[PDB]
Each structure stands twice: as C-alpha cells, then as structure tokens.
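Notes to accompany the following structure.
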Number of protein chains: 2
Amino acid sequence: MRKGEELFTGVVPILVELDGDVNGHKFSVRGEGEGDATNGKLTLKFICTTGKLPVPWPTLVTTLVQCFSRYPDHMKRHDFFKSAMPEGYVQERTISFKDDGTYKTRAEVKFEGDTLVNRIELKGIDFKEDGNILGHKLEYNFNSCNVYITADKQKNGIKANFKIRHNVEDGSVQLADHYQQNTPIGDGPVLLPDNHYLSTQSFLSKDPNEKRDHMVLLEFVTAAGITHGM
Amino acid sequence: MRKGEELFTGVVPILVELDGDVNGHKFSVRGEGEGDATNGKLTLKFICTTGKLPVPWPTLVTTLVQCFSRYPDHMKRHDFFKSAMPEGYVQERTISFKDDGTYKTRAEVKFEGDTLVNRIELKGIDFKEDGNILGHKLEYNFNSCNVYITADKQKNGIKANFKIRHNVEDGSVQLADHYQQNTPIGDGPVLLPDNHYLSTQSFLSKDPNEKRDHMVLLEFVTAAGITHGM
C-alpha cells in the first residue's frame, strides 16, 4: 500500500558488506541472498573474505535488515524500517560483551537499484585475548527473546535495547547487551511506531562444499505487541 | 508433499467446540475462523454461548490446533500434527494454576469434511472463589516463550510441557504449568519429531459490535530449534 511497503511485496535480493576491526584484527564479511517481507523470511550466505573470522559468527548475526520483518496487517502503520525506503536508514549499535569487549556498528540499509544493501563498519575494543570471543568458545547457534522497538521522537527514528544470551562450550552463557538507534537517511515522511517487538527464529548451518569461513543463515521475523486495529 | 501436509496447503475452515465445568460452573465456547499453515496464521472468533464466561478468556487460549504451525521446509519431517491428519489426534493437558485450581482437557483435532475441528472437554477443580481465575483478575492479553515438542516413543505421539505467565491486574503474575500429551486417533504412519519448539505471537481483541462474551484471536506460529537439513 505505502510506497516503502510496495518495495518489499516480492522476493528482494540482499547484499551485506561488513568491514571490521577487533583489537587490530581486520576482516571483511560479504553476504548475499534474499528477503521475503510477506513471510518475514531471510536466506543469506556470509563469507569471511579475508580468511579466518577472528570472532565467532554468532556475535555478528544481529549486526549482519529489520525491513524484512513480517508486520501483521493491523500493525503496518508501526513499520518504520520499510517507511524509510528506498533512501533507507542509519543503524548504529553498541554491543557490550559481559566481562569482555564492546562492538560499535554504523550501518546504512538502503536500496541500490533492485537490491537491499546493508553496508556496515564494526569496531571492537577491550576484547580479552582468551575470552569466549577472541578464543572462539561460543556454540554455532543463536536465539533471542522479543526485541522491543520504541520511537525516537527526538531524531525521527526508532531505538531498541535487548540482551543476546550466547551459549559457551563449558555450558555457561555470554551476555551481549545491544543498544540500537536507527535514523532515516532521507527527509521524506516516515512512520514512528508505538511500542512493539520483533520475534526472530534463527537457523545457522554450513555449506559442506564451502572451504571459506562462512555462515548459512535462515531467519523468520514476526512483529507483535499491538492489538489496536484488527 | 505428504498426504497430511497436502490438507493444509490452502486456507482451512476451523470449528472449535469446548464444553467446560469449573467448580460446577458449566459453560460452552464455540469458535469459528480459518488456519493458513503456509503462513502459520490463525484467525478465530470465540463466543461463550452459555452467557458470561466463568474464567478469564486468556486461561482458555492454549486449550482452544498446532497443525496450523508453520514448519520451515527443512523441518517438515518433524511435523507430527499434520502427519496425523485427516483422522487427527487426541490432545490431553493438565494446566496447573499456581496457588489456585487445575484444568484437565481432552480434545480431538481432526477433519470433519472440509473443516478442521477441535472438540474439547474441560474440567476445572480446586479453584479459589476469589483467586485471579474465578474472580476475573487477569489482563486481556497473552504471550509465551518457546513451547518444546518432544516425541512420545511409547504411545507414538508428542509431549510438551511449558509455563504460561498471565499478567494480573495488581501487576503480579499467575503461572499456569501445561503438561501436554498428543496421540494419533488412527493407526496410519505418523512423523515422530526430534526435539524442537513452536514460537507463537497472540493478539486478543473485541468485536465492538458483539454483545455476547467473546474473544477475537489472531495468532502466528513458527517451528524452530532444528538446523539439520537446509
């Protein structure tokens, strides 16, 4: 219906480009695949194009396109992410690993022709040489509870903070606290939502034929927490 | 693909019939609407046909069709609920309200012609006259974390136990512990899954034009927790 909305009615090609620096360990990640917003479905394959990924793949999942969330019909007015398209939005995080380092991400999510591009810069500091992150001690999997989206009245966008619990091999848990702010890139009307949340299921596999350090990622996202409308 | 699966590829009409007895308070509920398994989407309207519902609508949500879960393609072998169709399955629960009473449900979920029918008997006992349930002190809303499905090797079906946290008006929480066992009605092959879970978003509203005690229910369900396949 809305012009932003209209860009997402089919299957859309995704490109993700991440340049990272964690404690001076430089790397790049490239992802390719597609988003089906009607089904809230993401299929992507990520490659560490620089060799060995110096952090665990799961710590990068949230950083590596919430415009592909399935908003139920009655909640469509609360979908900031698609309203910002095609011009797109800046997404910034601080991710705080408990008793370990901090990631700071600046990404732009926008249309470049036919393709939805998530282009990221990641800077990690004060990582332990043999913590769960630099010492790769995290299980190859991922889950989250509800992620709460709130309006940023001030800067005309959205904010979110949420806790990711990563399984450690010794059977312990590594907390990664996410604070997120998103601002539109363009000056065109956007939708500022009421409080609601996104529910994400995540599936991380391996292509048995891929030799490069990679992640196969399948995701389902559904927005909830608002009944008004209906 | 599978013959059970094939019954759910479109929009299917649902009828739900509940006869209840809580502490001698007899009531019936009738629900009508549709399930779209491809989208994991349920739309139903429930009527208390006997007058005032003597328990809160949210305590009945889990009792009032997990065959409408969206199983991702790679997880289709782990979908017991549709394998049992058309003949269907018996679903039994004990729901234990913390410091209050207990529900016992026996339902049959099966095809009757074109329609998926959930026909239930509910028996509630040892309810407090002025607890959160008989004294209607629960907020008109509903959420759950993951519901874990496990095979019942013994009786050729599935089992689940899960905790529902109902919001109370004083700002407290009422726990309802669910133990679930499902057995196929027929003797035909069924699929016994590996451990996985269902994630449900729930939206409870009112038809502003309905005078009878009712619940409008919209639900999204997605199965996860298995990456093998893909």
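Identifiers in this document derive from the order of the structure tokens: chains are assigned A, B, ..., residues are numbered from 1 separately in each chain, and ligands are numbered from 1 in order of occurrence.
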
#### Entry: Non-local contacts of residue 66 in chain A (9 Å; only C-alpha atoms; under 2 positions in same chain excluded) as a PyMOL selection string
chain A and resi 68-69+81-82+198+221

Produce a file of the selected residues containing C-alpha atoms, as an mmCIF file, in the first residue's frame.
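Contents of the output file out.cif:
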```cif
data_model
loop_
_atom_site.group_PDB
_atom_site.id
_atom_site.type_symbol
_atom_site.label_atom_id
_atom_site.label_comp_id
_atom_site.auth_asym_id
_atom_site.auth_seq_id
_atom_site.Cartn_x
_atom_site.Cartn_y
_atom_site.Cartn_z
ATOM 1 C CA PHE A 68 12.302 -7.815 6.194
ATOM 2 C CA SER A 69 10.215 -8.244 9.411
ATOM 3 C CA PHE A 81 12.036 0.166 8.610
ATOM 4 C CA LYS A 82 10.137 -0.073 5.294
ATOM 5 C CA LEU A 198 10.065 -8.416 16.794
ATOM 6 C CA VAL A 221 10.757 -12.476 11.862
#
```

- Query: Counting only C-alpha atoms, which residues of chain B come no farther than 8 Å from chain A, as a PyMOL selection string?
  - Reply: chain B and resi 39+145+201-205+220+222+224-228+230

Write the selection just made, keeping N, CA, C and O atoms, as an mmCIF file, in the first residue's frame?
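Saved as again34.cif:
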```
data_model
loop_
_atom_site.group_PDB
_atom_site.id
_atom_site.type_symbol
_atom_site.label_atom_id
_atom_site.label_comp_id
_atom_site.auth_asym_id
_atom_site.auth_seq_id
_atom_site.Cartn_x
_atom_site.Cartn_y
_atom_site.Cartn_z
ATOM 1 N N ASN B 39 1.457 -19.900 6.286
ATOM 2 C CA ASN B 39 1.840 -18.637 6.969
ATOM 3 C C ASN B 39 1.851 -18.806 8.475
ATOM 4 O O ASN B 39 2.269 -17.878 9.146
ATOM 5 N N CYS B 145 6.875 -17.995 25.794
ATOM 6 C CA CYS B 145 8.215 -18.309 25.253
ATOM 7 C C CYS B 145 8.055 -19.535 24.343
ATOM 8 O O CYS B 145 6.922 -19.932 24.012
ATOM 9 N N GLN B 201 3.004 -15.863 18.418
ATOM 10 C CA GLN B 201 2.589 -14.498 18.791
ATOM 11 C C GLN B 201 1.055 -14.555 18.825
ATOM 12 O O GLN B 201 0.477 -15.323 18.049
ATOM 13 N N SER B 202 0.453 -13.884 19.803
ATOM 14 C CA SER B 202 -1.007 -13.898 20.074
ATOM 15 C C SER B 202 -1.534 -12.459 20.199
ATOM 16 O O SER B 202 -0.866 -11.625 20.841
ATOM 17 N N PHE B 203 -2.657 -12.189 19.537
ATOM 18 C CA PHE B 203 -3.378 -10.892 19.570
ATOM 19 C C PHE B 203 -4.842 -11.145 19.946
ATOM 20 O O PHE B 203 -5.548 -11.840 19.155
ATOM 21 N N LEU B 204 -5.261 -10.638 21.111
ATOM 22 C CA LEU B 204 -6.626 -10.814 21.652
ATOM 23 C C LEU B 204 -7.332 -9.450 21.559
ATOM 24 O O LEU B 204 -6.863 -8.530 22.198
ATOM 25 N N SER B 205 -8.386 -9.324 20.759
ATOM 26 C CA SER B 205 -9.269 -8.118 20.689
ATOM 27 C C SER B 205 -10.765 -8.456 20.946
ATOM 28 O O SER B 205 -11.141 -9.635 21.289
ATOM 29 N N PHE B 220 0.179 -16.068 15.122
ATOM 30 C CA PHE B 220 1.265 -16.524 14.207
ATOM 31 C C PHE B 220 2.095 -17.593 14.922
ATOM 32 O O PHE B 220 2.553 -17.298 16.009
ATOM 33 N N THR B 222 5.455 -20.416 14.338
ATOM 34 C CA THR B 222 6.658 -20.811 13.571
ATOM 35 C C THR B 222 7.438 -21.801 14.426
ATOM 36 O O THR B 222 7.714 -21.502 15.584
ATOM 37 N N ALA B 224 10.896 -23.968 15.200
ATOM 38 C CA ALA B 224 12.357 -23.766 15.086
ATOM 39 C C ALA B 224 13.075 -24.767 15.983
ATOM 40 O O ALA B 224 12.385 -25.601 16.631
ATOM 41 N N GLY B 225 14.403 -24.641 16.063
ATOM 42 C CA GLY B 225 15.202 -25.438 17.005
ATOM 43 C C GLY B 225 15.840 -26.635 16.317
ATOM 44 O O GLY B 225 16.454 -27.399 17.018
ATOM 45 N N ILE B 226 15.687 -26.809 15.001
ATOM 46 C CA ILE B 226 16.386 -27.884 14.235
ATOM 47 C C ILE B 226 17.009 -27.228 13.013
ATOM 48 O O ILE B 226 16.241 -26.594 12.259
ATOM 49 N N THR B 227 18.326 -27.362 12.827
ATOM 50 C CA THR B 227 19.035 -26.876 11.613
ATOM 51 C C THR B 227 19.346 -28.013 10.618
ATOM 52 O O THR B 227 19.459 -27.676 9.410
ATOM 53 N N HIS B 228 19.472 -29.281 11.063
ATOM 54 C CA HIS B 228 19.742 -30.478 10.194
ATOM 55 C C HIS B 228 18.720 -30.550 9.039
ATOM 56 O O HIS B 228 17.527 -30.307 9.275
ATOM 57 N N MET B 230 18.477 -28.282 5.372
ATOM 58 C CA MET B 230 18.924 -26.911 4.974
ATOM 59 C C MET B 230 19.976 -27.011 3.864
ATOM 60 O O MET B 230 21.107 -27.357 4.188
#
```

12 Å contact set for residue 111 in chain B, only C-alpha atoms, chain neighbours under 4 positions out, as a ChimeraX atom specification:
/B:4,7-8,12-16,65,67,82,84-89,115-119,185

Resulting file, chosen residues, N, CA, C and O atoms, as a compact mmCIF listing (two decimals), in the first residue's frame:
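Output below, filename selection-v1.txt:
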```txt
# COMPACT_ATOMS: atom_id res chain seq x y z
N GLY B 4 -1.00 -35.68 4.60
CA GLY B 4 -1.43 -34.85 5.74
C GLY B 4 -1.14 -33.38 5.49
O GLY B 4 -2.11 -32.58 5.45
N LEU B 7 -3.30 -31.40 3.04
CA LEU B 7 -4.63 -30.92 3.53
C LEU B 7 -4.53 -29.48 4.02
O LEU B 7 -5.58 -28.84 4.23
N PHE B 8 -3.32 -28.96 4.19
CA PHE B 8 -3.07 -27.67 4.86
C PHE B 8 -2.43 -26.64 3.94
O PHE B 8 -2.03 -25.60 4.46
N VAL B 12 -7.80 -23.21 5.51
CA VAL B 12 -8.73 -24.26 6.02
C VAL B 12 -9.73 -23.70 7.07
O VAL B 12 -9.35 -23.12 8.09
N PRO B 13 -11.05 -23.90 6.91
CA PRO B 13 -12.01 -23.52 7.96
C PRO B 13 -11.80 -24.29 9.27
O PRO B 13 -11.58 -25.49 9.23
N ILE B 14 -11.85 -23.57 10.40
CA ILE B 14 -11.75 -24.17 11.75
C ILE B 14 -13.07 -23.99 12.50
O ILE B 14 -13.60 -22.85 12.51
N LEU B 15 -13.50 -25.05 13.18
CA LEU B 15 -14.56 -25.05 14.21
C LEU B 15 -13.96 -25.57 15.52
O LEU B 15 -13.33 -26.64 15.52
N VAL B 16 -14.10 -24.80 16.58
CA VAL B 16 -13.74 -25.23 17.95
C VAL B 16 -15.00 -25.30 18.82
O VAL B 16 -15.76 -24.33 18.79
N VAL B 65 -4.69 -26.02 18.07
CA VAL B 65 -4.79 -26.56 16.73
C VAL B 65 -3.38 -26.45 16.11
O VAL B 65 -3.16 -25.71 15.16
N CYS B 67 -1.50 -28.16 14.40
CA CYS B 67 -1.42 -28.50 12.97
C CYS B 67 -1.35 -27.28 12.06
O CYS B 67 -1.01 -27.47 10.84
N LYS B 82 0.30 -32.40 11.53
CA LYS B 82 -0.28 -32.63 10.18
C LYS B 82 -0.13 -34.10 9.79
O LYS B 82 -1.02 -34.53 9.07
N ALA B 84 -0.76 -36.70 11.35
CA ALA B 84 -1.90 -37.43 11.96
C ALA B 84 -3.19 -37.20 11.16
O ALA B 84 -4.10 -38.02 11.28
N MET B 85 -3.24 -36.23 10.25
CA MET B 85 -4.49 -35.87 9.52
C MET B 85 -4.67 -36.75 8.27
O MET B 85 -3.68 -37.22 7.71
N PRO B 86 -5.92 -37.00 7.79
CA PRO B 86 -7.14 -36.37 8.33
C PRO B 86 -7.73 -36.95 9.63
O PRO B 86 -8.48 -36.24 10.29
N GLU B 87 -7.40 -38.19 9.97
CA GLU B 87 -8.01 -38.90 11.12
C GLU B 87 -7.81 -38.10 12.41
O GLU B 87 -8.69 -38.19 13.26
N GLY B 88 -6.65 -37.47 12.57
CA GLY B 88 -6.39 -36.50 13.63
C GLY B 88 -5.74 -37.08 14.86
O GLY B 88 -5.14 -38.18 14.81
N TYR B 89 -5.79 -36.33 15.97
CA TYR B 89 -5.12 -36.74 17.22
C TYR B 89 -5.94 -36.30 18.43
O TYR B 89 -6.70 -35.32 18.33
N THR B 115 -13.45 -29.17 7.08
CA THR B 115 -13.21 -28.34 8.29
C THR B 115 -12.31 -29.06 9.27
O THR B 115 -12.58 -30.21 9.56
N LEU B 116 -11.36 -28.34 9.85
CA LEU B 116 -10.52 -28.80 10.97
C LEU B 116 -11.25 -28.45 12.27
O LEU B 116 -11.31 -27.28 12.62
N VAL B 117 -11.63 -29.49 13.01
CA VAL B 117 -12.47 -29.40 14.23
C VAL B 117 -11.59 -29.73 15.43
O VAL B 117 -10.86 -30.72 15.35
N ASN B 118 -11.60 -28.85 16.42
CA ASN B 118 -11.01 -29.05 17.76
C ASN B 118 -12.17 -29.18 18.73
O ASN B 118 -12.75 -28.10 19.09
N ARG B 119 -12.51 -30.40 19.14
CA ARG B 119 -13.64 -30.65 20.06
C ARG B 119 -13.10 -31.05 21.41
O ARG B 119 -12.47 -32.07 21.49
N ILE B 185 -5.23 -40.54 16.45
CA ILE B 185 -6.54 -41.24 16.54
C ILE B 185 -6.48 -42.50 15.70
O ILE B 185 -6.93 -43.51 16.16
```

- Just how far from CA of residue 52 in chain B is CA of residue 126 in chain B, in Å to one decimal?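 It comes out at 20.2 Å.
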
(request) Work out how far CA of residue 74 in chain B is from CA of residue 166 in chain A, in Å to one decimal. (result)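 Here the two named atoms are 23.7 Å from each other.
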